[PDB]
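Report on the structure given below.
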Amino acid sequence: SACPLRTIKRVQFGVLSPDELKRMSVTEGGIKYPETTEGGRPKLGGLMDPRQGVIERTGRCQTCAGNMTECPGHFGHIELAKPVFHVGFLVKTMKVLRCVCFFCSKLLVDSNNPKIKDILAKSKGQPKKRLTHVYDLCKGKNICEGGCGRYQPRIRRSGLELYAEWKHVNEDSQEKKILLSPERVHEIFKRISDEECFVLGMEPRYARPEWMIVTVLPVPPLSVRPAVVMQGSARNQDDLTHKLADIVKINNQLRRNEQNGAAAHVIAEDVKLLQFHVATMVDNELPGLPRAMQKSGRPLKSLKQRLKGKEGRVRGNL
Amino acid sequence: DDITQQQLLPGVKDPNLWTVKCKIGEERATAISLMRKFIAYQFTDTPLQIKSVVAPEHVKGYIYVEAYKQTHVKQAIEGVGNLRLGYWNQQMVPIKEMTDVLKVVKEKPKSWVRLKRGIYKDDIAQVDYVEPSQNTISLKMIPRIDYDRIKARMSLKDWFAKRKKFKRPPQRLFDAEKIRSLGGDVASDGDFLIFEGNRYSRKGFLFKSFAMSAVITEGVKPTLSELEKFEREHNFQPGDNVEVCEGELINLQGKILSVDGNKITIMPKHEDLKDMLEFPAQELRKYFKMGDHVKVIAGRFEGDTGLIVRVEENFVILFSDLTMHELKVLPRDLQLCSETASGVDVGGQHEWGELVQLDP
Amino acid sequence: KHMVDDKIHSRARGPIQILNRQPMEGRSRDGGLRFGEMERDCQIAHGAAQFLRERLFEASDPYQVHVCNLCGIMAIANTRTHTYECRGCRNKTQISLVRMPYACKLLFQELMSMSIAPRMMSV
Amino acid sequence: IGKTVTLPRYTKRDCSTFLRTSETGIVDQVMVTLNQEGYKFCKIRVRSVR
Amino acid sequence: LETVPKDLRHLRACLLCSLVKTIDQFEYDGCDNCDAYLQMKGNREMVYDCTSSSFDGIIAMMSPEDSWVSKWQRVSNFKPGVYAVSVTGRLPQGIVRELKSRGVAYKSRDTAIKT
Amino acid sequence: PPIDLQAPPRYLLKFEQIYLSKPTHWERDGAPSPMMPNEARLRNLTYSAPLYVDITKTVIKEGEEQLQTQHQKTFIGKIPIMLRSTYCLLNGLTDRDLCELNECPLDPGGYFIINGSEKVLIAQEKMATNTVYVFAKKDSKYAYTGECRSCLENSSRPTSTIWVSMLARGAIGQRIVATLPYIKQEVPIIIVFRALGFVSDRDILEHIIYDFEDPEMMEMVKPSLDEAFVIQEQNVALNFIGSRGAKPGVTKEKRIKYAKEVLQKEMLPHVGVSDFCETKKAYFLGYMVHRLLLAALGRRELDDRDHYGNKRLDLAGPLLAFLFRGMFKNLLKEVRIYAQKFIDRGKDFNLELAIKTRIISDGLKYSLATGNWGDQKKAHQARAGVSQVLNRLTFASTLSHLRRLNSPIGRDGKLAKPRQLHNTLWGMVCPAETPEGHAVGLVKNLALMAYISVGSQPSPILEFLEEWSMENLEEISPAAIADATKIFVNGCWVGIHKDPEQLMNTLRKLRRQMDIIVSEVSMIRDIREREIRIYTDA
Amino acid sequence: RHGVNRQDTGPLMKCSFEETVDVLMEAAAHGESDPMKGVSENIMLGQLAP
DNA sequence: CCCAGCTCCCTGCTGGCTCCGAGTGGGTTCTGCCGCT
DNA sequence: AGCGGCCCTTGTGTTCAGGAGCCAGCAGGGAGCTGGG
Ligand SMILES: [Zn+2]
Ligand SMILES: [Zn+2]
Ligand SMILES: [Zn+2]
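The listed protein sequences derive, respectively, from chains A, B, C, D, E, F and G.
Under the entry's author numbering, read the first sequence as residues 11 to 155, 182 to 354, first letter to last.
Under the entry's author numbering, read the second sequence as residues 163 to 269, 274 to 397, 416 to 544, first letter to last.
Start counting the third sequence at 1052; every next residue gets the next number (the entry's author numbering).
Under the entry's author numbering, read the fourth sequence as residues 867 to 874, 886 to 927, first letter to last.
Start counting the fifth sequence at 7; every next residue gets the next number (the entry's author numbering).
Under the entry's author numbering, read the sixth sequence as residues 63 to 69, 81 to 243, 251 to 618, first letter to last.
Start counting the seventh sequence at 1416; every next residue gets the next number (the entry's author numbering).
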């Protein structure tokens, strides 16, 4: 209340950097317990973290010390064991990958080139157009130039997996087709430079390509995924809560299989399952993939579905 | 041996390995049954063409088969109940990983644990010794003894018979004089004391043995009050000034841009140094300049803020805003935070500006 | 069967949905009528900006939040202690109160769950 | 239908069934039975003259 | 079927043969190919001293000559049977010396890495 | 099919016959009670009667030792009973009896009671099975497409839909290609015939065309022959089909085996599924191709999808039959799993413990309660709407609801063509009664005198035809087809005839006399064509 | 959706129209700012529209 | 001093993705269960 | 008694809105260049 009242002059969009997510989150060390309670006591490290908000009516938030109404939700976070592609950003990620090389992580076309200078001058304040034109040019190109002079493979998508397929690989026999991993993509994006990012069109201040890869999954507060006290004492958990529980279980399983030596194959399988779960949580309607099924075969409702269309947050509630 | 292993490396001509899903814990039985079937089938018209079968322990729910063709693996695995799920799909392990598959890796006292069921459930305990052969562990915890039961001289079997409507006793340190007054029999066996078939320590802790399955060894962490009754680490957070006490670059102060575990690998920003260095936790030290806010996360008076008039090598001195008294704390335990001390209450027992009735 | 007695319905600050604080639905629940999209558009045509604001914000789900002026994100505001803090910027003074629909707040939280920064520049 | 539930102003939470808001009438009749699982199960028919 | 272990209990792996059987089976028969040197049969103590109850994994060789995994485990020369992936411990020093006198090299079966 | 297991010991577990009791209800003491339909309504019970069967478990271990035991009246679940039906306890009760039982005599019944809620099954429309419909779809890459939703009399396998399309003009000519079940690619018709075992183009054209004096037909089919020439052997064609299969087997032998299985079982099941049905299958396929050629040349009008005579109404009979078939398959699978797991240890098992009556009972209850016609876990994949709550607002409303009809087209469709009132609906469907909402034209009602056949076995009709001058398809030679009149029975081309007029006269006389042909049977003679189609479908 | 959203109007307005999630994905990826000019944006923010 | 590759680019096609009016009143079923540990 | 898995029967299975338009990827073909003869 004491804070001065203000209107809104603009809304700046972007991607939450994992460090920013960690700083925001009140669930220090992330979340590691799929369970919600502990003998009727909401587990701090569980999904029903009291820090994240007020659980019961007439309670108060452990964080802001506010009752139901006054309390806004406070986020948590989950340190994904392995990097995971963000489904919503997948197409943009593929475009960026085609734009840069694997090794230099540099543009397949130099900024100083007259054509790219022209594109930059033309698409000022139009990062989408800038990205499309630069993507066309890098589609045209196939090597790295002050780069590594290497051969950029073609990127193919298959559901949630990406495949880099080399034609005329640099060496006599190095590799022909590789399942590119989210970790590899994240490393490439981190290696990418800020000026190259701006040329791509992504304002590095507000969106770095590496941020596109999920590493610190945000955790919506209880208010976003409220649990309803039932006529029976058994509280009913939200669909997002169940999906988060599944993701946490897979994450803990993978973390165990890492902390103790486990077959690279089972590690890959856990990574695949975690990727699928996160992708469904974001959007439970990706074609081809199986639909996340709550129980008795009733599909979940992802955030994308919440916001999708009529009867959604935007059209249905705003 | 290593040189010979080089000539023993796999090749295209050599038979391949395929992964097959299987039930959990039945790998040995499945392999033995498979061999009995193949030997029976040796004299038949269709002999199994698979060269070998592997049932590793580090891997669970999976068995590997060495064969010339997948159809050969399928034929070998057919007719096995535990391999019903596996028969639908056979995975081709890559050549590079085949060696890793064959490779195996072969490898605590005074640790805090909890119990699952029983009258001692939800009780923190400390480990004494573990016997894997017997599947039992020894836990020292705070005893739960009912004094009224001793006073009335009830049998343990009777107590268990009528346990349905009887409340469990609380946690309190064992006292021999109390039982002597109550009339119960107390026996002495060296350091330990025998009472009702149980060994009690002189201090008061109860030592008992329980099954590992009953005991909890995962997701267990004691509370500060529990540790008090029973009675390296670093505190580095973003936005804190640290000094490089050891190393070539000494007497340099940088900001904590990142945070990690054993090896923090911070990216400090030193004076007139745009570039960021790399230092581990041990090399990293927490140092602050004069006349600046400081907060103590852990210490004699934790959750306190003050200003430092000096900084000794190991005893930083600050004055608490709460009271005009000196407070010496470890520099590592000290932290820099421009934010004012929140002073949030623990357990939300009382709220700010809340009426209370100290006296009627 | 359709009789006026089974259809008459009215509301003034009744119970509200749990997910979003908007009025409940259906007269059996003492709900509120839906000021739909075409109603919004008709009011836009009328030019009744203030009435539209009342209908969609002040009469449906008025809400208040605190936002860091720097990063433009909702900040923890213990109004009791008047302790307003943004963890990311570690600041406490540059926090602004902002009135918005609870549905808008929920939308922003859901986006940030989708890992988006709908930063909120009060300047 | 005055109904209560035993808790885990004490030891009892109200779970009664009220007449639908804005409605009115007279209780036509009441029937009491046991559902498939022996639980007491009551149906009340209420008539209103329109 | 004799080479196959009789039951999953009292399992042991030879420190030299790298073969897996049960203690009773070891006493009755012993190693398929190690009988002349080990002389396991006829002495229960010899079975204990030559076989350890701690072992990691098992692989069955239907045709060691053409089995690459058998070549990797250096059990290709051995007749087909069930052989452990790795064994724990080492043979007695006296037996090592007798084997050296016999002209047969002794190699530890501890293939598993130690950490 | 009986379930056999191997641990060696082998079991048979064959079912013999069913026995259905009347609606009964048990309290805690185990007392069965006669649930008044009113009692079920009041206590939210389910008006169902327990079901029973006879089971024969024969065991063989060694020396062909038969351990045949029989368990009789094995309870297997409960079946909700449509009120006033034959097996309902109100059947044939006098009006006085109904008044005593507190049941309106005028109440028509025809609905179930699930947990005390009245439910009514809305008849669901669908394309008539075992028929050849030629549709022109210029929108697609096909000038024309013949289609047949073949389906055996009773079969857990759903209808196998086979298409025979003619590629739109534009290498040189137009080619005819068939899409088969379990095949992701079209197949040259000549290739299909050769796989069936017809290499001689003379024989193939004998099957397809019947008057070789028709250069129009014959030239129009030439391009298909040209496309499919290299494959001249049945084995080659079978290998081709196996390769085209969804998961072709590397082995040519296994590819051919898979293709042969697909042809024998998955293609035109109603024509036949047993071996040696190849001649019948080839003749039916040739007839389908002939229909396609006639439609392509305009000699025969395209079939109209909305023409109501080309539709069937799944009443509560077929719908419950489908649900029960799926559920019985599930029960058999579960019993198989249970018995297999126990016999794996050498120990025997109890079929009574193996049986889970809950499968059938709960599945029927859930389906009839939620209207989701299908497995509970496949709620979305199932089609809802069926089994609506009976509308008791008035007697007229109740009657209309009981006589309701539904088109499964889907309310979202904006095509006015299916929604439009059709001429065929005369006297069959009330032209006026229809919801005015989004579902206009899709939901209908039966005209007063309307009536829906429950189906019947065509065996007596086939026997009469055989006694008659009808000539078997295999018996006859291709030449006679041209002038003779084909005879279809539920889509099964059985044979031909030479005096269709007097044959139809005889059939109509028989039906009117109610001698061999029940009233429901329908007989049509397309005089302009040379077909006589007899339908006993439900 | 195409003709309207290809305009340089604003992510919030475009999302309110159609392809909400895709529009917001693009806005986040490119770090673009909605100038809070349009009536739809002001309505969503609950502040007096222009 | 042609010229067959080879690069670049444009056409055209196929295949994939999103949308399909607004509100209203009722009703029922369901939101785990069984095998394994 | 609590955790894990999972039933779509055809492991291989029918249409869970069909249809109407945009947009992306890729095959193909021609224009033009260029290191050999
Ligand atoms: Zn709060
Ligand atoms: Zn490069
Ligand atoms: Zn901030």
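The beta carbon of each residue, even a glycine, is placed where N, CA and C say it ideally should be.
Contact annotation: the stretch 526-536 of chain F does not touch the stretch 550-565 of chain F, with fewer than three C-beta pairs closer than 8 Å. DSSP, reduced to helix, strand and coil, places A:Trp247 within a helical segment of the structure shown. For C:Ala1063, the closest alpha carbon among the candidates C:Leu1070, C:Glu1076 and C:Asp1081 is that of C:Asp1081.
At a cut-off of 8 Å, the C-beta of C:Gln1094 has no neighbouring C-beta in chain A.
Membership of F:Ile311 in any beta strand (DSSP E) is not indicated, and neither H nor E is assigned to it by DSSP.
Annotation: the continuous alpha helix (DSSP H) that includes F:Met584 extends over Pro580 to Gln593. Any Cβ of chain F closer than 8 Å to the Cβ of A:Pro335 would place that residue at the interface, and such an atom is present. Within chain A, the residues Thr17, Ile18, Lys19, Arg20 and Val21 have their CB atoms less than 9 Å from the CB of G:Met1451, given in chain order.
Chain G places no beta carbon closer than 8 Å to that of C:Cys1122, leaving this residue out of the contacts.
The set of residues with a C-beta under 6 Å from any non-hydrogen atom of ligand 2 comprises A:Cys111, A:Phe113, A:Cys114, A:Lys116, A:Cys154, A:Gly183, A:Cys184 and A:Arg186, given in chain order. A check of alpha carbon separations from B:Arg516 across B:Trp536, B:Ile481 and B:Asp444 identifies B:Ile481 as the nearest. For G:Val1454, the neighbours in chain C by C-beta distance under 7 Å run, in chain order, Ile1095. When F:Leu399, F:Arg416 and F:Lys497 are compared, the shortest CA-CA separation from F:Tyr388 is found for F:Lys497. Along the stretch 191-221 of chain B, going in chain order, the ones with a CB nearer than 9 Å to a CB of chain A are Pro218, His220 and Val221. The Cβ atoms of F:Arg255 and F:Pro303 sit closer than 8 Å to each other.
Here the C-alpha atom of A:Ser35 lies approximately 33 Å from the C-alpha atom of A:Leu215. Under the Cβ criterion of 8 Å, B:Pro298 is not counted among the residues facing chain E. In this structure, the straight-line span from the alpha carbon of C:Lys1143 to that of A:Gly69 is close to 25 Å. Residue contact check for F:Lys457 against chain A: a CB pair falls below 8 Å. Contact check between the stretch 278-288 of chain A and the stretch 309-317 of chain A: three or more CB pairs, one atom from each, fall below 8 Å, which counts as touching. Along the stretch 315-348 of chain A, the positions whose C-beta sits under 7 Å from a C-beta of chain F are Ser332, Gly333, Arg334 and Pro335, read in chain order.
Here DSSP, grouped into helix, strand and coil, assigns F:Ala122 to strand. By the rule of a C-beta closer than 6 Å to any heavy atom of ligand 3, the residues picked out are C:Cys1119, C:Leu1121, C:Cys1122, C:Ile1124, C:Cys1137, C:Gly1139 and C:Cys1140. Residues of the stretch 282-316 of chain A with a C-beta atom less than 8 Å from some C-beta of chain B are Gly297, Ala298, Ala299, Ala300, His301 and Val302, listed in chain order.
As computed with DSSP, E:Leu21 is found in no beta bridge at all.
At a C-beta separation below 8 Å, A:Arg33 has these neighbours in chain B: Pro422.
For C:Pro1152, no alpha helix (DSSP H) segment is defined; the enclosing uninterrupted segment is the beta strand (DSSP E) at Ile1146 to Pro1152. Scanning chain C for C-beta atoms nearer than 9 Å to the C-beta of G:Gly1425 yields nothing, as the closest lies near 13 Å away. Taking a Cβ-Cβ threshold of 9 Å, the residues of chain A close to F:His460 are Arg327, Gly333, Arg334 and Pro335, in chain order.
Between F:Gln456 and the set F:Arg230, F:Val342 and F:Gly406, the nearest pair of CA atoms involves F:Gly406. Less than 8 Å separates the beta-carbon of F:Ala209 from that of F:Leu382.
C:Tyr1135: member of the beta strand (DSSP E) spanning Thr1134 to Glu1136, first to last residue.
Going by DSSP, F:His144 is part of the beta strand (DSSP E) stretching over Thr142 to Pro153. Identification of residues in the stretch 69-89 of chain A having a C-beta nearer than 8 Å to some C-beta of chain B yields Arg70, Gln72 and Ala75, given in sequence order. Using a cutoff of 7 Å, the CB of A:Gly63 counts as near ligand 1, since one of the ligand's heavy atoms is closer than that.
Non-local C-beta neighbours of C:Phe1086 in its own chain, meaning closer than 7 Å and more than five positions away in sequence, comprise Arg1106 and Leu1107, ordered along the chain.
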